[PDB]
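The figures that follow rest on heavy atoms only: side chains count, while hydrogens, waters and symmetry mates do not. Letters go in sequence order (proteins before strands), and every chain restarts at 1.
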Protein chains: 2
Amino acid sequence: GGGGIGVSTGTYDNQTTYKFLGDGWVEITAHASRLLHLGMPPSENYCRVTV
Amino acid sequence: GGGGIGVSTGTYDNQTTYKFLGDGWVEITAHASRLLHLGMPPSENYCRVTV
């Protein structure tokens, strides 16, 4: 019910909405949704690196 | 008080106003004021004229 491997935990919304409040004021709500990718770090250490 | 030769009977407004009511609706009020001229007709008759 509250959780499981076979249910989605969110919705994809990337549409931009314009809300005209009156007196010329506009509420602009920008939705952005992106499929993000991740991969293992080349090292698990914190490295102090010089160039 | 209510009338006379030395008082103006109206105001000159030729500005255009935009009233944003909300939900994207706009009340556009266009004011137009023009100095108008008139002159006597060449004839005081109604004429039935052929070309």
Side-chain angles (χ1 to χ4, degrees):
Chain A
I5 62 171
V7 295
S8 295
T9 57
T11 64
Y12 182 93
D13 188 2
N14 207 304
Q15 61 185 17
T16 297
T17 308
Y18 296 89
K19 182 70 178 296
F20 296 98
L21 316 170
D23 290 344
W25 289 99
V26 180
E27 181 180 2
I28 296 170
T29 300
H31 296 83
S33 297
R34 296 288 155 64
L35 176 63
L36 266 302
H37 175 90
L38 183 63
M40 76 195 90
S43 177
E44 295 175 352
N45 293 337
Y46 290 88
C47 298
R48 181 174 63 88
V49 176
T50 300
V51 174
Chain B
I5 62 171
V7 295
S8 295
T9 57
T11 64
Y12 182 93
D13 188 2
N14 207 304
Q15 61 185 17
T16 297
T17 308
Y18 295 89
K19 182 70 178 296
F20 296 98
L21 316 170
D23 290 344
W25 289 99
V26 180
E27 181 180 2
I28 296 170
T29 300
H31 296 83
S33 297
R34 296 288 155 64
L35 176 62
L36 266 302
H37 175 90
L38 183 63
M40 76 195 90
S43 177
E44 295 175 352
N45 293 337
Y46 290 88
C47 298
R48 181 174 63 88
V49 176
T50 300
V51 174

Listed partners of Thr29(B) passing side-chain contact (heavy atoms from CB on, under 4.5 Å), at least two apart:
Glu27(B), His31(B)

Without placing hydrogens or testing angles, list every side-chain donor-acceptor pair under 3.5 Å for residues 41-51 of chain B, not counting sequence neighbours.
| from | atom 1 | to | atom 2 | distance (Å) |
| --- | --- | --- | --- | --- |
| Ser43(B) | OG | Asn45(B) | N | 3.1 |

My understanding is that a hydrophobic cluster links ILVMFWY residues whose side chain heavy atoms are under 4.5 Å apart, including indirect links. Using that, what else belongs to the cluster containing [X]?
| X | value |
| --- | --- |
| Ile5(B) | none |
| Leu21(B) | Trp25(B) |
| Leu36(A) | none |

List the atom pairs, with distances to 0.1 Å, where a side-chain N or O of residues 11-20 of chain A and a protein N or O form a donor-acceptor pair under 3.5 Å, not counting sequence neighbours.
| from | atom 1 | to | atom 2 | distance (Å) |
| --- | --- | --- | --- | --- |
| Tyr12(A) | OH | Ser33(A) | O | 3.1 |
| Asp13(A) | OD1 | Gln15(A) | N | 3.0 |
| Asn14(A) | ND2 | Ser33(A) | O | 2.9 |

